[PDB]
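In: Pasting an experimental structure, sequence included:
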Amino acid sequence: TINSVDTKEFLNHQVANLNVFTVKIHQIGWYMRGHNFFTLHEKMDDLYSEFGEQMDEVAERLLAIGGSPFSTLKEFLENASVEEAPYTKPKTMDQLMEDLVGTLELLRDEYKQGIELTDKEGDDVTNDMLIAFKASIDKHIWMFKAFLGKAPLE
Amino acid sequence: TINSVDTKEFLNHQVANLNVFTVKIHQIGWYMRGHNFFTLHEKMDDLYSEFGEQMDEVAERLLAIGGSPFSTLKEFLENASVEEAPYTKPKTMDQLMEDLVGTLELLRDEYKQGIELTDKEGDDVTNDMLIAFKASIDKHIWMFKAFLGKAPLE
Amino acid sequence: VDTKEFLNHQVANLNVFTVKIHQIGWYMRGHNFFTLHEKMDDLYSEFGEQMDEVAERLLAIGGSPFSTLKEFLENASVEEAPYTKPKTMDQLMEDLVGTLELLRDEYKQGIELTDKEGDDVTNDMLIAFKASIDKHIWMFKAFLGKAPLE
Amino acid sequence: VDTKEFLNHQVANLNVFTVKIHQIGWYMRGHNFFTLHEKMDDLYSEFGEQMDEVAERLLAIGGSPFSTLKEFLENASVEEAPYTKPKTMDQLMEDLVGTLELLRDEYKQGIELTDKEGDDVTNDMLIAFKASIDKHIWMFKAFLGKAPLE
Amino acid sequence: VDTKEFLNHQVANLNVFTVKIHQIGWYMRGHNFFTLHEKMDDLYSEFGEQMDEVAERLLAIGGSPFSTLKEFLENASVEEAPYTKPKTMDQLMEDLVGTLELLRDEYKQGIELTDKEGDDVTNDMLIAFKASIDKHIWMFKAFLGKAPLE
Amino acid sequence: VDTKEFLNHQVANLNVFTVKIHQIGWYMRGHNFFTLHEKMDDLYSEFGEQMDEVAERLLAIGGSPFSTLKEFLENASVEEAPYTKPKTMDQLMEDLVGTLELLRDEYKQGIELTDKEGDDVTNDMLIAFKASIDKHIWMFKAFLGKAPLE
Amino acid sequence: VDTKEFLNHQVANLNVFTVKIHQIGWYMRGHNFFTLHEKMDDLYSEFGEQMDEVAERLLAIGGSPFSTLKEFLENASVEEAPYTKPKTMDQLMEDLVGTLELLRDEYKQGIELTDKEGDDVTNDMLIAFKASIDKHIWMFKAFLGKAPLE
Amino acid sequence: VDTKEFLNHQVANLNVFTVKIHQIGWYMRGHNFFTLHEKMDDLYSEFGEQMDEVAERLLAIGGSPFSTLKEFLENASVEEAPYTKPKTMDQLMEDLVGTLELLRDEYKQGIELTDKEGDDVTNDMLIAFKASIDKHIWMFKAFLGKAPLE
Amino acid sequence: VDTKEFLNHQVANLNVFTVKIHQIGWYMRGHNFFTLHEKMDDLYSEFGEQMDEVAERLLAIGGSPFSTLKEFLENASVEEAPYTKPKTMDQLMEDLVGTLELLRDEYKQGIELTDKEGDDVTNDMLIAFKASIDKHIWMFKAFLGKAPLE
Amino acid sequence: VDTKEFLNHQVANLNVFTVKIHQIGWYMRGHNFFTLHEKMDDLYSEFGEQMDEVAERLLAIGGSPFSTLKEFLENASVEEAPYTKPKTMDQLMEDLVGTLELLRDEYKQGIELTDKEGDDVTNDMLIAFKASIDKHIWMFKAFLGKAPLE
Amino acid sequence: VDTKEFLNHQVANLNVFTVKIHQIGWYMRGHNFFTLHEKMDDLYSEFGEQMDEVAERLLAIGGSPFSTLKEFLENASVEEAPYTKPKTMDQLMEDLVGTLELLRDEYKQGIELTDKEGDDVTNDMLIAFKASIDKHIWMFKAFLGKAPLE
Amino acid sequence: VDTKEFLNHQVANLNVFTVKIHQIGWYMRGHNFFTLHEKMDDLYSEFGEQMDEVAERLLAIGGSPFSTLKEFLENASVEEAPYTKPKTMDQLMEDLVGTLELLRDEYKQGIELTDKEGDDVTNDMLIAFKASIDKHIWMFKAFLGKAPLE
């Protein structure tokens, strides 16, 4: 059974995703415990600011193409494919990083869909914007997978 | 009929509030139109970062007092007294600023409750943290009310 | 028009635009003077930077950039008019947005052309420039109480 | 009045002016609040800096600067009034402009006087201050929808 | 006196004080000229910053700050005198310390008043200012070969 | 103990703590060496800054800070031991957190005492210090796989 | 010619000159490319800054600056030619030097005129610009193996 | 060759190139020593940065970068020769340009390959690097008195 | 071996070492990835800087530095191996430490030799490099849970 | 005494000295308070940095630095006394100078010992510290109206 | 004497002065050593910059600056004497002030001469230098407990 | 000659050298003017700093530095000549190089002497200076198309 997504709808979906992600980054940064706390907490603060910057750029690009960004938590929750769960039972640093990596992978793959879609639509600016963001996501995937003792695509 | 709030619960409520507020600041910054766009959009970007900083400080103070911050959009929405609405019908710059001022006023008054509560509980650090934040909120109230051609407490 | 001719055309355009940005910044009056004068100074620097990068990219692909005011005037599609009768801030901003739109649409032609010719570098350069132009269109349209594409 | 007396007069003037700048920055209301409030803080700093330079030039030429509010009040030609009735942004800016023009014209008298007395340093100092005042007059007049000398 | 009246009184006080700091910095002579003139410039900035913060805090609580030299003179408890007879560096520093002590003690009154009124922000603001004043008192008393509270 | 005696006690404590921070930074071994050695250097600077501010605040209230190692040892409640037998990173961090906790609880006594005595400045100073200590306790406890207050 | 007309003429000149500086910077070849290309970029910014200052000074004196390429071409004494046949670095530098000398000499006329009219600010502005031009003439003549006035 | 093999080839190439840049910077003699030695240092940093970015991109796509000098020599198309007989600045720059051209052309192959594979990130990375290479080609050809593609 | 030969040997060594540093930084996995990867980037830069300084000192003493990968490989005592089988973080750090120790000991031979030859500059240069190596050995040995000379 | 024991002795000395520098900085009174208090703060940081470098050098040579106040007191040749009776600025500076001379002379012993043992790094480290000490001796002796070695 | 001869004379003077500033900074002793030694370093930089600017202005006007110590000695009106008998800080400052006054007065002659010759740039240059000299005279006279022109 | 006499001789030398550097920077003409003029300004600052460090080291060892041009002329081995007949850039660089070699060789004598006398600080100071001189010799000889020791 079917459905269609344009550049505007793709961008708006990422506004929702990024907002869930950035809140998740904070969850990880706040609740983490273990020997790697100092470096990883700092790392979460860096990702929080970077993905918040991506979010704002996505929303403002959406604005520039005549779109209307989701701008409430209700709308972000109703639209995001990025999943969130309250922090209840204690999680290992590895478990937290696996959740982080899984979401980075989700965003990478969705951005790839976005890159293809925007190429088809001839939206070169949005296309290049998404490529630049994927570049950074790919680097983070390599690094965080390495933290987990894994290959980037393993 | 009754209910009680301690420092932990007050802080957690503000984590929820600040997250709704910061998203609202972005809504205002994104959707604003009119002669004051450049200065006010920039101003929204500044408030976004400032209130995001307050939020993180509130959550990390909560952590430091043995609390568990809300860390999902679901939890922020379920707990916030700060109200949000999707941007549907066009709003004037004044209307957007009135929504901003109203939320600043809400936070100021809640922070005052928080200041009194934390004073009673003997949590001096949280008390001073909240005072410093109220100081900034009061300054913003004066300025934004002045933008609206109004006295700070009018 | 090839990539070389497109680039050279933008060297001409950007030089007219940059002079127009100064006109607007110099002659503007009204309540938004301080913020918009500063914004004109920013745009002047940015579009002057675009111009030099266009001209130097042209050089790098074996071209010969226009390098006189006579050549810029003879070749530009961006229009200029002396400042005679007083214009409102909105009228000045409408001239600015109109020129931004002209540049955006011409750059889109340049993006297509350079993609056809397989000039990847010029392509990416023009895309980055268009990105900034699009942001400016949204903001300046917003100043005018309008949607970016209205 | 000689150079010493002229400078001392400006010490008095600038102290009234900086206090007026603050009044305008504190009491202003309206849509241009953010940019104009910030602009008042910039002017406050600039004119405070001119003031200190004037007083220190006066010291360097063997003078004795006024250094009390009583002395500033007794000597200044720049006028001040308490903020009672609400003033529009335009009214506050007209008050600012009027004071800028007063200072410009007095500085011109100072420039002439100092040239006649052969005090080349004080002369150049006054010229550089006038330069800034003239720029401010253009910009603030432009904010008011007026020509600089209108 | 309430918080608003206390704040407004300090706006008056700080404006007299900053002018005094300048008097001291301008007229000082002796072996400690270089370091103490620089120190006067630092204090001038600091106390002018406190003044602006007091006035803006007053604004934020629904007050109306004094904004003319006439109002500052009419209301200040900080005393000023024109520089007539030459003063020793020590005498200038004694005048400075005496004023710092006056402000510290009045701020202490303000801290207690604002605590009673439940104006937590103004309270903290005044405490932070007192902190700095206390440090200055120690240092300048030490320059005078005295204990801070001697 | 009064405010003066409490402050002087912290001058002693902070001097022992700062030397302990160096011990930990110097003797630490294990996988977290680079991040934790750097963190010890940061804490050394921060607690050295706290110490000087405590001592200078004491000076400002008419006190006489301890200013010899003999006096610090004679007065500190913070304990020190020479580094003899190898300690794990966790053991070093437990000593650090224990000392942070000691300081937090003592500062809380200081906060109460200084509130009783009406020394508002010292009160706020100690609160700001406690704020930082609390943040450090959370972080270092988190490193140890523990809740801040467990 | 009055001050306004002199200033407006320089707006035109500087716009032609800045475009010429880019011509030289873009088309230059030879062993001194890196140093001289960079030098052209610096001169471009500097003369662009003089131009804006001249135009804004003109505005401040009640003038109306030329603000189109058509106006600059129709009014400039500074000459331009398209780059057709290859020029030596020396030839490009001789064109640069010649234009600097033209501007120096015209500015000298402007200095004298502005002195006659009693426009002290414009006078000082033009002198400061001449100072820079004279320094560039010395250096670029030295590059050419010549004395500054040879 | 796939993206992984192309990237790995460039890791080899860039490591030979950076070493060559150093050779040129170390052994150069003549009148353009100062500017060109500095330029070699800039290129060394830039190309070492490209190398690291290529290797890290390779890592990010599941590759395994060459990470020994043996591997770089075994795989590079960029040629190296020990400095024996003295070379002119021009000859050193010709070797530099020739290598820049080799890299540009291979990057062009990489841009097309990665476009076909749908590796958008690697594609953009290579385009950005080519952009810089093209600018260098123009500039160094200009130093050699040549057109960029001559 | 003389000073020239010793230096040239270190040019070879440092080039193998920097490439090894990158290998370690690229291929590392485990919990210490973030801090150690960053540490590898720092060491890469530092040892690259030592390398350039060694080569340039060699130039300054009339020497001819190795300036090809072939020459570095043929001359280095620092060993390299391709990354094939997965290595633990400890194993990678042991490889790093071993190379640091090799360099330290060779530098010591260099320090002795250069002292005997009376090359005071090269002597001091080597001493300063050893200082840094010794600090690194302590820190990396500490990471490995070992004493510096264990 | 060997290098390790010499270094460890200096760890002790520098810790006593740094505390003494604070004693002087805190208790000083007189006309030179501002300059000298600041100077004490600079010396505090500098000697604290020497101390950490000595301790870390000790670590790098397989040593175990003293890392408790008890150890510093039991091993230091630098003497300390509590501040009881008021001291003149000169008296405080004489205590400072005497301790600098003590450290200079001991460092000279350390330089000779370290030269004998062939510990080139520690040698150079101690020489660089002596250089600074000798500069401070000249300056502080000059403050006291004395020749450096008088 | 013309502008060229006047300028060349100041090249001579400033070179003697700068060397004198160093004499004063090197040989000074007494309580004000730290502040005044630093002040001498500041003056040395400033007057060295004036010197270079004078010499380069001379170059720009077709002159030939003195560029040997022999020429500076043969031409300077500024007097120098070897430091033999110990001088008081006041004596050293009196020599400084005397030379500052000499320079001020000669610059005043230069200002008049250059105005007569219509050398506007040199005129403004000398005025800016005098400005600073006058400020230094006020400050150093104040140090000596004297009025600037006393 | 002892350390004190050697140092004082270099105070003399560096002052002649610095004046020579300015001569070269002022009078130079030719294609390399921009790069080399800037290089002269860099050398002037560097050798002026060496000079001050030499003089202050002399002070620290109980010496009395030459502090007049008469003393520098009477004592310097570095030769100076007025600029009369035009010199080639190469001729000027040959004079620079020759003086750098003179200084290097005398510093080498100073290094030996100071090692004999056991003045470790002066020794290291001179070595650091030689380090830079050697680097300059390599670079300037390379400019002249020569090997460093040729």
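Out: Now that the structure is in, tell me what you want to look at. Numbers count the residues shown, from 1 in each chain, chains lettered A, B, ... in the order given.

In: Let me know whether the helix or strand encompassing residue A:110 sits next to chain F.
Out: Here residue A:110, judged by DSSP states H and E, is contained in helix A:93-120. No. Judged by Cβ under 8 Å from any Cβ of the partner chain, helix A:93-120 and chain F are separated, with a smallest distance of 9.3 Å. In short, each C-beta sits where N, CA and C put it, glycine included.

In: so how far is the helix or strand that comes right after that helix off the chain centroid?
Out: Tracing the chain C-terminally past helix A:93-120 and defining elements by DSSP H and E, one meets helix A:124-147 next. On the basis of Cα atoms, centre = their mean, to the nearest Å, helix A:124-147 is displaced by 10 Å from the centre of the chain it belongs to.

In: From the contact counts, what lies against helix A:124-147?
Out: Counting by 3 or more Cβ pairs under 8 Å, 6 or more residues apart in numbering or on different chains; DSSP states H and E, the packing neighbours recorded for helix A:124-147 are helix A:37-64, helix A:93-120, helix C:120-143, helix H:33-60, helix H:120-143, helix I:33-60.

In: how about the ones you listed, which one is nearest residue J:46?
Out: For the helices and strands packed on helix A:124-147, distance to residue J:46 was read as Cβ to Cβ. The smallest value, 24.3 Å, belongs to helix I:33-60.

In: What residues of that closest one count as buried?
Out: I:33-37, I:39-40, I:43-44, I:46-48, I:50-60 (16 or more other Cβ atoms under 10 Å in any protein chain shown).

In: returning to what we had before: now the helix holding residue A:110 against helix A:37-64, angle please.
Out: Put simply, helix A:93-120 runs at 20 degrees to helix A:37-64, going by axes from the mean of the first three to the mean of the last three Cα atoms, to 10 degrees.

In: And chain B, is helix A:93-120 touching that?
Out: No. Using Cβ under 8 Å from any Cβ, helix A:93-120 stays clear of chain B, with a minimum separation of 11.6 Å.

In: for that helix, packing partners?
Out: Applying 3+ Cβ pairs under 8 Å, 6+ apart, we find helix A:93-120 packed against helix A:7-31, helix A:37-64, helix A:124-147.

In: Run the chain-centre distance for it.
Out: Going by Cα atoms, centre = their mean, where helix A:93-120 is centred and where its chain is centred differ by 6 Å.

In: One more: stretch A:147-154?
Out: 18 Å.

In: and what of stretch A:83-91?
Out: How far stretch A:83-91 lies from its chain's middle: 18 Å, per Cα atoms, centre = their mean.

In: right, is that stretch up against chain B?
Out: Yes. Stretch A:83-91 reaches chain B (Cβ under 8 Å from any Cβ) through A:84, A:85, A:86, A:87.

In: Export that stretch to PDB, keeping only CA atoms.
Out: C-alpha atoms of stretch A:83-91 as PDB (Å, rounded to 0.1, in the frame of the first residue of the first chain):
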ATOM      1  CA  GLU A  83      12.800   6.500  18.600                       C
ATOM      2  CA  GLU A  84      13.100   7.600  22.200                       C
ATOM      3  CA  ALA A  85      12.500   5.800  25.500                       C
ATOM      4  CA  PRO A  86      12.700   7.200  29.100                       C
ATOM      5  CA  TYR A  87      15.800   6.300  31.100                       C
ATOM      6  CA  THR A  88      14.500   3.700  33.600                       C
ATOM      7  CA  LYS A  89      16.800   0.700  34.100                       C
ATOM      8  CA  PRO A  90      20.600   1.400  34.200                       C
ATOM      9  CA  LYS A  91      22.400   1.100  30.900                       C
END
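
In: ok, is that stretch in contact with chain F or not?
Out: No. Under the criterion of Cβ under 8 Å from any Cβ, chain F is not reached by stretch A:83-91; the shortest gap measures 9.2 Å.

In: neighbouring contacts of that stretch?
Out: Stretch A:83-91 has contacts (Cβ atoms under 8 Å, 6 or more residues apart in numbering or on different chains) with A:20, A:23-24, A:27, A:30-31, A:33, A:99, A:103, B:68, B:70-75.

In: Go again with 7 Å.
Out: A:20, A:23, A:24, A:27, A:31, B:68, B:71, B:72, B:73, B:74, B:75 (Cβ atoms under 7 Å, 6 or more residues apart in numbering or on different chains).

In: Most widely separated two among the residues you listed?
Out: Within the contacts of stretch A:83-91, A:20 and B:68 form the most distant pair, 19.3 Å apart (Cβ to Cβ).

In: thinking again about what came up before, out of the residues of stretch A:83-91 next to chain B, the closest to chain B would be?
Out: Nearest to chain B among the residues of stretch A:83-91 next to chain B: residue A:84, at 4.4 Å, using Cβ to the nearest Cβ.

In: So what touches stretch A:40-47?
Out: Defining contact as Cβ under 7 Å, 6+ apart, one finds that stretch A:40-47 is touched by A:25, A:28, A:29, A:32, A:93, I:34.

In: One more pass at 8 Å, please.
Out: Under the criterion Cβ under 8 Å, 6+ apart, residues A:25, A:26, A:28, A:29, A:32, A:93, A:97, A:100, A:140, F:139, F:142, I:34 lie in contact with stretch A:40-47.

In: so what's residue A:144 up against?
Out: Contacts for residue A:144 (Cβ under 8 Å, 6+ apart) come out as A:97, A:100, A:101, A:104.
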